[PDB]
Amino acid sequence: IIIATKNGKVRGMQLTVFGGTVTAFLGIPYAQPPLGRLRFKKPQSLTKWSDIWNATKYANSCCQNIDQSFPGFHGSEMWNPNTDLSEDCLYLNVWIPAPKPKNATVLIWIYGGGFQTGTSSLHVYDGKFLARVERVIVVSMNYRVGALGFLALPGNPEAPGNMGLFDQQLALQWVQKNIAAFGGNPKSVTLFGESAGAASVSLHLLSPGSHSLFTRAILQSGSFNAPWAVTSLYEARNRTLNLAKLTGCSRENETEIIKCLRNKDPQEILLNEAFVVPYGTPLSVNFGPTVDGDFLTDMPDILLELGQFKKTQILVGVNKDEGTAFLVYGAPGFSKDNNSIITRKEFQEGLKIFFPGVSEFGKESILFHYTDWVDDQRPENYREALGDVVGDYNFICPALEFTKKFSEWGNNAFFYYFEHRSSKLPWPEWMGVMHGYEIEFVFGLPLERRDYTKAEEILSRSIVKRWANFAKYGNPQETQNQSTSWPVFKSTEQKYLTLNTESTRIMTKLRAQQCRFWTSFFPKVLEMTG
Amino acid sequence: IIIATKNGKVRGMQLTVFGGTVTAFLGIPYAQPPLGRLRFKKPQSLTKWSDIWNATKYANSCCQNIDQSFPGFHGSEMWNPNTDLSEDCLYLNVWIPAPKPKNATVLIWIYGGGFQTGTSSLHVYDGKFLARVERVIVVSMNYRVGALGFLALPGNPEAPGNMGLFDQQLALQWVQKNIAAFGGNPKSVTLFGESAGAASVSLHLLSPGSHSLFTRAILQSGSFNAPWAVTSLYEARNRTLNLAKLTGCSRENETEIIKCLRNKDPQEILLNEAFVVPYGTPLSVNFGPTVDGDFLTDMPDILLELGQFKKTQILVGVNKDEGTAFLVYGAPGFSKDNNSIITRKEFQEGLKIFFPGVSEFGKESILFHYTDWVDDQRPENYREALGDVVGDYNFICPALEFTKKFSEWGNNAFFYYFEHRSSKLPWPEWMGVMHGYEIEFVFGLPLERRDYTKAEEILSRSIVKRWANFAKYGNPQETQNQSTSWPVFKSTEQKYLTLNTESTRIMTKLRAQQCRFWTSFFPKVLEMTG
Amino acid sequence: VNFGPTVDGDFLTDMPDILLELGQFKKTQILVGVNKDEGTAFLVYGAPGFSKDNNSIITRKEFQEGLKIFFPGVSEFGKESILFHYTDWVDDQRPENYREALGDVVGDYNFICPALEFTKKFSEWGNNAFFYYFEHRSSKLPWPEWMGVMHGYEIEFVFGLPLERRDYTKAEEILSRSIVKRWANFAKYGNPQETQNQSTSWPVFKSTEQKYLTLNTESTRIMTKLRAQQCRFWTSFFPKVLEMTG
Ligand SMILES: *[C@@H]1O[C@H](CO)[C@@H](O[C@@H]2O[C@H](CO)[C@@H](O)[C@H](O)[C@H]2NC(C)=O)[C@H](O)[C@H]1NC(C)=O
Ligand SMILES: *[C@@H]1O[C@H](CO)[C@@H](O[C@@H]2O[C@H](CO)[C@@H](O)[C@H](O)[C@H]2NC(C)=O)[C@H](O)[C@H]1NC(C)=O
Ligand SMILES: *[C@@H]1O[C@H](CO)[C@@H](O)[C@H](O)[C@H]1NC(C)=O
Ligand SMILES: *[C@@H]1O[C@H](CO)[C@@H](O)[C@H](O)[C@H]1NC(C)=O
Ligand SMILES: *[C@@H]1O[C@H](CO)[C@@H](O)[C@H](O)[C@H]1NC(C)=O
Ligand SMILES: *[C@@H]1O[C@H](CO)[C@@H](O)[C@H](O)[C@H]1NC(C)=O
Ligand SMILES: *[C@@H]1O[C@H](CO)[C@@H](O)[C@H](O)[C@H]1NC(C)=O
Ligand SMILES: *[C@@H]1O[C@H](CO)[C@@H](O)[C@H](O)[C@H]1NC(C)=O
């Protein structure tokens, strides 16, 4: 089937889904391929073409180091890119319900991967199920990542930082100009992303540029105010230089460092990236977003406090076990291959892995708030506690704190705490309800009968409906199959719905005790040293 | 007199009314005659004409089976079409006050007849009285009905469903483009309809298409949420196919079934219509509205709950005896020709007629809530109770429930309970204040002195004034002839005005006990079986 | 309860449900609460397939056999509705399904829902009311694991028996201590907080919101609308099926 866009005609394909039809346009270019001179620059606009683009393959993932800790292990490879890596990677997918609606609501997916990795083309981001089941147009884009997407040399026009964010933004502009031709409704666009894809979404709530480019926003396990999310102006300078040194790019004429790196291979850049930071963590974001003065026009960490953002409804949530995923990538005593029971000495071995540049009081205080058990019996004591440290600290408390500061200014916020564990989950039980493992449900994967427990097909169906109802109508309610209605998260009561296969309840003040610590006591201990 | 419309000049006539003058344009085409290829398709736009249309006859009623249960009986023939049946029937009438106003408020009539029947041209829908008495422009249209108006083959472009609704919609667009030429005010249009004409109006409150095509809405004895009102996507599929089989239209190439039926006679279609459903009821709506994804963009039954509809004032009401009308068309023991006293065995004989696909608990529960009398004396016990079952269930509870869920979202809702019985009524006393017998009063029929009790001339004059004041000003008050003012129906108190010839009172919570049953206990009993 | 309280005209002057409906009761504070598994204790004393000596993993038919036991004079359709509400299995998996179904049927109907209804009707007249959900299995419990947090077995803790450093785990001695402090505080001060050992404060059960406090060795949350679905069934729907029954 053919569709006429502002750049030229495009040819898509017709997938068979649930005894009916969806129409897919995979890998549509939306920007000029950021090659050679353009590398590091903001995405340039795209020249028209008088033929037809064959939007029938998935396109290239952007350049990134691939995870190699567990080769052949699905648990980690289901996250690895499944298309040729290439600097020529600025493409987007569109999935339309059949028959062409009408004036359809648009869902836009922004993938995560701590700004270092990710790709639109993953199987768990397959938009076909959503389009067909809920008659929505789903859209996802590739945007640059790592130094190629986030190299900052402050103010300097040929290395401004936030390139990857601009990529998302331009893709959003594409949908604003072109989606009507597809039957979609530019005045209803919900942005949705996960982890660093959620920090991204949250940043678009701040970005004067993005402001008129979407209606609403969904924020799965991530927000700009999370500790990993935003690079300071001068951490970024330091990093860009350290790279220059690691590759033989040191100079004086500052533009030349950028002429220097423009001429290296993606690979001389890639291998060195991991080494530009003094001491790492498994969550180290070497090239993420910076306050660039163009995209972000001022520290986000302030715009929030003073109410400067798009005022609209938001859906935000986290997972029961955000922190476990990380423990197998640095923390002594941990292996995906046994019950990972750990010793107190090892817990502290662990604390230095996750908080390397922190005081002795910092750690001993973390230690104290997390390790006074009612019955110091359960051999899993420490193992569970290192996970909650990593979780609460980097994901839960930031997310809840974001939802507070934002809903403070009059808008509707709904919050979820997702806590069912996939029957299919390739990691072991101790790891629980890991980071990034609700995406399957959101994208409606357990809907595909030929796979999942029947319970999970109910659970995906709910989340799917709830999501679409939020996109369409600004309300993540599921009205038919007798549910319990989802209360709006206000600053006093602080209500959030729990998601699982066997009892959704309304609960208040998630992580009360633990966010206090992370939100006031701990940062105070940090003021004392550094 | 001549008027220039966007399609061409039109010639109307001048009726003599109440010692003054009204100007009438009967049977104006507003769509392309849905013939041959167009049958089943949405109404096509209409080519200009350079002569003059002679809008001086009533036009054709659309094809429908006529009621033949009581030939010669006025009570049923006053409802039967009074113009040649024809597939060429998309016409509208306009009645203008003389002399040509000005910037007049517009009332639009949508006739009922459980989507199977009806016609604009009935004597009880004569708009001349209203136009003259209240200086309003009245407008009514013919729209397709039965399978010809509501054949659904989901998404399939040449049999989309809701054709008859689109007919109404296009007629509404006509008024938006043309009414100013007549002296009417497109920024004040009240929609008003009865029964299935009220379900229609309620559907236009949901329909993105209709949204900017009227100001306000009046809903007499009907709403989409009534049990008869809306066909499920797959009841509709099943029905369309069963028809195909009943006529020798079975196929595989699905479009061909539609090419097949396109080539049959209205009559091979008509006689079979009654037979496409497994078991009937006297209220069976074989081809009604469906969730089509184009007109209705999602289950209405949800759009309501989530507040997605035109936010405006509404007038809604029912009649003291909505249910009696139906009892003479299936229910054992019932005849318009004696006091129809019935036995308990027969009451249950009756319950299976009106609830055929329901459990044994379903019926025995209905039985229980309706048949515990204070004094099981009155021989009319069961007779009255089968009427209220049919009434409360299909008309009263749905209507009240609609008024709740809608007014929940901030708009003004007024509710009436009309309860005077026409002195002229051709059916017998036991039947009481039947379904569809307030229309006479609304259209101002007892105003025509030469006929009705003087009391009824007062009663019509009130309702007439109240209606116009709602259309013009959004307030169904009657300020002069010392009335009692009509309170707004809010969700707490739930006030409604009673209409009759000898005491209008403000009362609360109509049918409290009975709607509880129909609204929670009963549907719960239904969850247990099916 | 073959020989119990009646309206004698002397101790109870009128029907208790009336007195409660119309607010004829001593206006004061109360502390109410129930145990996670009230019902189970009674399934060993009559219900087919139940023993304190095994798995007790029962089949559908012994579920219905069991219903006949606990609802002797309840209509054909009456029982069937209790069946539908509690056997709503998303996945037909757990071999332990109907076992817990029956547990809950007996608990919700005889203990939890009447307790909850009680607190509402009482709070409605504007006295403080405190509701708890005791959800901790004593390690000492002689009864089998499946019987859970049984009827009667919160008393050990209220009377301070886990305080005896000679027996109970150390956590049970913490939980017992709090409960003991909460209990004494309430009695002294009409307010069952544990203000020291940094508790989570225990809010009033207001007629609207329906807050309650969970009591355990572990996750001590404040929660809302306990057994909300189950008690709608027992509160309004089931009493409307009894009105047909006879
Ligand atoms: C699970 O596996 C891990 C990793 O294989 C075991 O952790 C190891 O502990 C010993 C001494 O600390 C060393 O042989 C390894 O170097 C450790 N792993 C690393 C690299 O940190 C752990 O003991 C196992 N746990 C069990 C059996 O529960
Ligand atoms: C009123 O008339 C009706 C219909 O003519 C009478 O109902 C009939 O009852 C007997 C036995 O049930 C039969 O002769 C008919 O078949 C019935 N009608 C039908 C078709 O259902 C009814 O008895 C009369 N009632 C009175 C005298 O009050
Ligand atoms: C894509 O393939 C189609 C086959 O139908 C063909 O028309 C065309 O050559 C291809 N498009 C391009 C970009 O050449
Ligand atoms: C889609 O809906 C919006 C309002 O949400 C409206 O303004 C727009 O015109 C509609 N577009 C089409 C083509 O239906
Ligand atoms: C609700 O109804 C049934 C389960 O009874 C299920 O098949 C259907 O998908 C549900 N709908 C939603 C949107 O959850
Ligand atoms: C309608 O009748 C009038 C008589 O005044 C005449 O002018 C005309 O021929 C007729 N119109 C049409 C459609 O021919
Ligand atoms: C009629 O009234 C409306 C306001 O209700 C106004 O905007 C419009 O211009 C008026 N039209 C004429 C022709 O008087
Ligand atoms: C009120 O006044 C008289 C009855 O006294 C009647 O003729 C007139 O029509 C009434 N007006 C209305 C609008 O009811």
# chains A, B, ... in the order shown; residues from 1 in each chain; ligands from 1

$ interface_residues --of "chain A" --to "chain B" --cutoff "10 Å" --atoms "only C-alpha atoms" --output "list in words"
residues 98, 99, 100, 101, 102, 103, 104, 134, 135, 469, 472, 473, 474, 475, 476, 477, 478, 479 and 480 of chain A

$ write_last_selection --atoms "C-alpha atoms" --output "PDB file, in the first residue's frame"
ATOM      1  CA  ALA A  98      -6.704  -1.756   9.071  1.00  0.00           C
ATOM      2  CA  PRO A  99      -8.743  -0.500   7.519  1.00  0.00           C
ATOM      3  CA  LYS A 100      -7.087   2.953   7.395  1.00  0.00           C
ATOM      4  CA  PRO A 101      -8.915   4.957  10.064  1.00  0.00           C
ATOM      5  CA  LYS A 102     -10.270   7.925  10.292  1.00  0.00           C
ATOM      6  CA  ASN A 103      -8.752  10.205  12.979  1.00  0.00           C
ATOM      7  CA  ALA A 104      -6.782   7.723  15.098  1.00  0.00           C
ATOM      8  CA  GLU A 134      -6.974  -0.947  20.249  1.00  0.00           C
ATOM      9  CA  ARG A 135      -7.111   0.664  16.802  1.00  0.00           C
ATOM     10  CA  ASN A 469      -7.679   4.803  27.201  1.00  0.00           C
ATOM     11  CA  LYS A 472      -7.250   8.490  23.672  1.00  0.00           C
ATOM     12  CA  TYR A 473      -9.052  10.004  26.612  1.00  0.00           C
ATOM     13  CA  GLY A 474      -6.555  10.962  29.289  1.00  0.00           C
ATOM     14  CA  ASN A 475      -7.766   8.277  31.693  1.00  0.00           C
ATOM     15  CA  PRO A 476      -6.115   4.910  32.277  1.00  0.00           C
ATOM     16  CA  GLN A 477      -9.406   3.317  33.294  1.00  0.00           C
ATOM     17  CA  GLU A 478     -10.618  -0.065  32.189  1.00  0.00           C
ATOM     18  CA  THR A 479     -14.382   0.272  32.289  1.00  0.00           C
ATOM     19  CA  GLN A 480     -15.840  -3.099  31.089  1.00  0.00           C
TER      20      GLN A 480
END

$ interface_residues --of "chain C" --to "chain B" --cutoff "7 Å" --atoms "only C-alpha atoms" --output "PDB file with N, CA, C and O atoms, in the first residue's frame"
ATOM      1  N   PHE C  84     -20.036 -19.258  42.329  1.00  0.00           N
ATOM      2  CA  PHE C  84     -19.515 -18.414  41.265  1.00  0.00           C
ATOM      3  C   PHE C  84     -18.528 -17.371  41.780  1.00  0.00           C
ATOM      4  O   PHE C  84     -17.495 -17.133  41.150  1.00  0.00           O
ATOM      5  N   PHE C 237     -25.782  -8.491  47.736  1.00  0.00           N
ATOM      6  CA  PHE C 237     -26.208  -9.488  46.743  1.00  0.00           C
ATOM      7  C   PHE C 237     -26.779 -10.788  47.335  1.00  0.00           C
ATOM      8  O   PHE C 237     -27.858 -11.246  46.933  1.00  0.00           O
ATOM      9  N   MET C 244     -35.447 -14.579  48.068  1.00  0.00           N
ATOM     10  CA  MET C 244     -36.144 -15.548  47.223  1.00  0.00           C
ATOM     11  C   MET C 244     -36.173 -16.944  47.870  1.00  0.00           C
ATOM     12  O   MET C 244     -37.246 -17.538  47.981  1.00  0.00           O
TER      13      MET C 244
END

$ residues_around --residues "residue 128 in chain C" --least-positions-apart "6" --cutoff "10 Å" --atoms "only C-alpha atoms" --output "PyMOL selection string"
chain C and resi 27-31+119+122+190-191+203-206

$ residues_around --residues "residue 242 in chain B" --least-positions-apart "2" --cutoff "10 Å" --atoms "only C-alpha atoms" --output "ChimeraX atom specification"
/B:236-240,244-250,272-273,275-278

$ closest_atom_pairs --of "chain A" --to "ligand 4" --cutoff "9 Å" --atoms "only C-alpha atoms and all ligand atoms" --output "tab-separated table"
residue	atom	partner	partner_atom_place_in_ligand_line	distance
A:102	CA	ligand 4	14 (O)	6.1
A:103	CA	ligand 4	14 (O)	4.5
A:104	CA	ligand 4	1 (C)	7.6
A:105	CA	ligand 4	1 (C)	8.7
A:180	CA	ligand 4	13 (C)	7.0
A:183	CA	ligand 4	13 (C)	7.4
A:184	CA	ligand 4	13 (C)	8.1
A:185	CA	ligand 4	1 (C)	5.4
A:186	CA	ligand 4	1 (C)	7.8
A:187	CA	ligand 4	5 (O)	5.8
A:188	CA	ligand 4	5 (O)	6.5

$ closest_residue --among "A:65, A:343, A:60, A:162" --to "residue 83 in chain A" --atoms "only C-alpha atoms"
A:60

$ residues_around --residues "residue 50 in chain C" --least-positions-apart "5" --cutoff "12 Å" --atoms "only C-alpha atoms" --output "ChimeraX atom specification"
/C:40-45,55-59,62-63,65-66,98-100,102-103,144,146-147

$ residues_near_ligand --ligand "ligand 2" --cutoff "7 Å" --atoms "only C-alpha atoms and all ligand atoms" --output "MDAnalysis selection string"
chainID B and resid 331:335 337:341

$ closest_residue --among "A:516, A:432, A:488, A:508" --to "residue 224 in chain C" --atoms "only C-alpha atoms"
A:508

$ select_by_dssp --residues "range 374-480 of chain B" --states "alpha helix (DSSP H)" --output "PyMOL selection string"
chain B and resi 381-391+397-407+439-442+454-473

$ residues_near_ligand --ligand "ligand 5" --cutoff "7 Å" --atoms "only C-alpha atoms and all ligand atoms" --output "mmCIF file with N, CA, C and O atoms, in the first residue's frame"
data_model
loop_
_atom_site.group_PDB
_atom_site.id
_atom_site.type_symbol
_atom_site.label_atom_id
_atom_site.label_comp_id
_atom_site.auth_asym_id
_atom_site.auth_seq_id
_atom_site.Cartn_x
_atom_site.Cartn_y
_atom_site.Cartn_z
ATOM 1 N N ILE A 458 -4.989 -12.065 30.358
ATOM 2 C CA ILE A 458 -5.844 -11.097 31.041
ATOM 3 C C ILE A 458 -5.019 -9.858 31.402
ATOM 4 O O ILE A 458 -5.371 -8.756 30.988
ATOM 5 N N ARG A 461 -4.048 -7.651 28.405
ATOM 6 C CA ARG A 461 -5.295 -7.037 27.919
ATOM 7 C C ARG A 461 -5.732 -5.806 28.709
ATOM 8 O O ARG A 461 -6.232 -4.851 28.134
ATOM 9 N N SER A 462 -5.538 -5.847 30.021
ATOM 10 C CA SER A 462 -5.850 -4.731 30.911
ATOM 11 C C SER A 462 -4.923 -3.555 30.691
ATOM 12 O O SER A 462 -5.348 -2.424 30.377
ATOM 13 N N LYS A 465 -5.483 -2.045 27.397
ATOM 14 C CA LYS A 465 -6.667 -1.194 27.350
ATOM 15 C C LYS A 465 -6.422 0.074 28.153
ATOM 16 O O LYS A 465 -6.627 1.173 27.630
ATOM 17 N N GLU A 478 -10.180 1.064 32.963
ATOM 18 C CA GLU A 478 -10.618 -0.065 32.189
ATOM 19 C C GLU A 478 -12.029 -0.354 32.649
ATOM 20 O O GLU A 478 -12.238 -0.983 33.686
ATOM 21 N N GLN A 480 -14.970 -1.930 31.343
ATOM 22 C CA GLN A 480 -15.840 -3.099 31.089
ATOM 23 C C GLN A 480 -15.660 -4.260 32.064
ATOM 24 O O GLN A 480 -16.376 -4.350 33.065
ATOM 25 N N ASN A 481 -14.730 -5.164 31.734
ATOM 26 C CA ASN A 481 -14.308 -6.232 32.629
ATOM 27 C C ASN A 481 -14.142 -5.597 34.003
ATOM 28 O O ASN A 481 -13.125 -4.962 34.274
#

$ residues_near_ligand --ligand "ligand 6" --cutoff "6 Å" --atoms "only C-alpha atoms and all ligand atoms" --output "CSV table (one decimal) with N, CA, C and O atoms, in the first residue's frame"
chain,number,residue,atom,x,y,z
B,52,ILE,N,-35.5,24.6,-10.4
B,52,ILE,CA,-36.0,24.8,-9.1
B,52,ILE,C,-36.6,23.4,-8.6
B,52,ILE,O,-37.3,22.8,-9.4
B,53,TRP,N,-36.3,23.0,-7.4
B,53,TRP,CA,-37.0,21.9,-6.8
B,53,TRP,C,-38.3,22.4,-6.2
B,53,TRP,O,-38.4,23.4,-5.6
B,54,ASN,N,-39.3,21.5,-6.5
B,54,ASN,CA,-40.7,21.8,-6.0
B,54,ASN,C,-41.0,21.1,-4.7
B,54,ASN,O,-41.7,20.1,-4.7

$ closest_residue --among "A:419, A:322, A:235, A:126" --to "residue 291 in chain A" --atoms "only C-alpha atoms"
A:235

$ select_by_dssp --residues "range 235-330 of chain B" --states "strand (DSSP E or B)" --output "PDB file with C-alpha atoms, in the first residue's frame"
ATOM      1  CA  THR B 290     -23.100  -0.815  15.674  1.00  0.00           C
ATOM      2  CA  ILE B 314     -29.974  18.006  27.761  1.00  0.00           C
ATOM      3  CA  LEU B 315     -33.674  17.428  28.221  1.00  0.00           C
ATOM      4  CA  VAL B 316     -34.601  13.803  28.886  1.00  0.00           C
ATOM      5  CA  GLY B 317     -37.770  12.020  29.985  1.00  0.00           C
ATOM      6  CA  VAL B 318     -40.082   9.033  29.882  1.00  0.00           C
ATOM      7  CA  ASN B 319     -43.761   8.103  30.060  1.00  0.00           C
ATOM      8  CA  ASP B 321     -46.522   3.453  30.760  1.00  0.00           C
TER       9      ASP B 321
END

$ residues_near_ligand --ligand "ligand 3" --cutoff "12 Å" --atoms "only C-alpha atoms and all ligand atoms" --output "list in words"
residues 1, 2, 8, 9, 10, 11, 12, 13, 28, 49, 50, 51, 52, 53, 54, 55, 56 and 57 of chain A

$ write_last_selection --atoms "C-alpha atoms" --output "PDB file, in the first residue's frame"
ATOM      1  CA  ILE A   1       0.000   0.000   0.000  1.00  0.00           C
ATOM      2  CA  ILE A   2       1.159   3.599  -0.836  1.00  0.00           C
ATOM      3  CA  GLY A   8       7.690  11.511  -1.114  1.00  0.00           C
ATOM      4  CA  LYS A   9       5.578   8.389  -1.648  1.00  0.00           C
ATOM      5  CA  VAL A  10       6.140   5.436   0.737  1.00  0.00           C
ATOM      6  CA  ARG A  11       5.340   1.718   0.302  1.00  0.00           C
ATOM      7  CA  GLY A  12       4.492  -0.419   3.315  1.00  0.00           C
ATOM      8  CA  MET A  13       3.388  -4.005   3.948  1.00  0.00           C
ATOM      9  CA  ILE A  28      11.118   5.350   7.146  1.00  0.00           C
ATOM     10  CA  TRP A  49      12.510  12.033  -3.358  1.00  0.00           C
ATOM     11  CA  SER A  50      10.267  11.528  -6.419  1.00  0.00           C
ATOM     12  CA  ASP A  51      10.223   7.674  -6.423  1.00  0.00           C
ATOM     13  CA  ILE A  52       8.892   5.505  -3.596  1.00  0.00           C
ATOM     14  CA  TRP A  53      10.591   4.502  -0.345  1.00  0.00           C
ATOM     15  CA  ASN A  54      10.219   0.774   0.355  1.00  0.00           C
ATOM     16  CA  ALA A  55       9.469   0.950   4.096  1.00  0.00           C
ATOM     17  CA  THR A  56       9.251  -2.860   4.365  1.00  0.00           C
ATOM     18  CA  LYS A  57      12.399  -3.831   6.285  1.00  0.00           C
TER      19      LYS A  57
END

$ residues_around --residues "range 229-231 of chain C" --least-positions-apart "3" --cutoff "6 Å" --atoms "only C-alpha atoms" --output "list in words"
residues 113, 234 and 235 of chain C

$ write_last_selection --atoms "N, CA and C atoms" --output "PDB file, in the first residue's frame"
ATOM      1  N   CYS C 113     -16.623  -9.921  56.997  1.00  0.00           N
ATOM      2  CA  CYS C 113     -17.661  -9.005  56.505  1.00  0.00           C
ATOM      3  C   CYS C 113     -18.577  -8.486  57.591  1.00  0.00           C
ATOM      4  N   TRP C 234     -21.561 -10.482  50.142  1.00  0.00           N
ATOM      5  CA  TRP C 234     -22.172 -10.948  51.384  1.00  0.00           C
ATOM      6  C   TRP C 234     -23.104  -9.898  51.964  1.00  0.00           C
ATOM      7  N   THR C 235     -22.786  -8.630  51.698  1.00  0.00           N
ATOM      8  CA  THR C 235     -23.525  -7.474  52.219  1.00  0.00           C
ATOM      9  C   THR C 235     -24.865  -7.202  51.537  1.00  0.00           C
TER      10      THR C 235
END

$ residues_around --residues "residue 223 in chain C" --least-positions-apart "2" --cutoff "7 Å" --atoms "only C-alpha atoms" --output "list in words"
residues 507 of chain A; 211, 212, 213 and 221 of chain C

$ write_last_selection --atoms "N, CA, C and O atoms" --output "CSV table (one decimal), in the first residue's frame"
chain,number,residue,atom,x,y,z
A,507,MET,N,-3.2,1.5,46.7
A,507,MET,CA,-2.3,1.6,47.9
A,507,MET,C,-1.8,3.1,48.0
A,507,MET,O,-1.7,3.8,47.0
C,211,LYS,N,-9.8,3.0,55.9
C,211,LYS,CA,-8.4,2.6,56.3
C,211,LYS,C,-8.4,1.5,57.3
C,211,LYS,O,-9.3,1.4,58.2
C,212,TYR,N,-7.3,0.7,57.3
C,212,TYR,CA,-7.1,-0.3,58.3
C,212,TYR,C,-5.6,-0.6,58.5
C,212,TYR,O,-4.8,-0.2,57.5
C,213,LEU,N,-5.1,-1.1,59.6
C,213,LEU,CA,-3.7,-1.4,59.8
C,213,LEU,C,-3.4,-2.9,59.7
C,213,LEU,O,-4.1,-3.7,60.3
C,221,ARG,N,2.0,-2.3,56.4
C,221,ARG,CA,1.4,-1.2,55.6
C,221,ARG,C,0.0,-0.7,56.2
C,221,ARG,O,-0.6,-1.4,57.0

$ atom_distance --atom1 "CA of residue 30 in chain A" --atom2 "CA of residue 211 in chain A"
19.4 Å

$ atom_distance --atom1 "CA of residue 165 in chain C" --atom2 "CA of residue 220 in chain C"
23.5 Å

$ closest_residue --among "A:375, A:69, A:133, A:138" --to "ligand 1" --atoms "only C-alpha atoms and all ligand atoms"
A:69
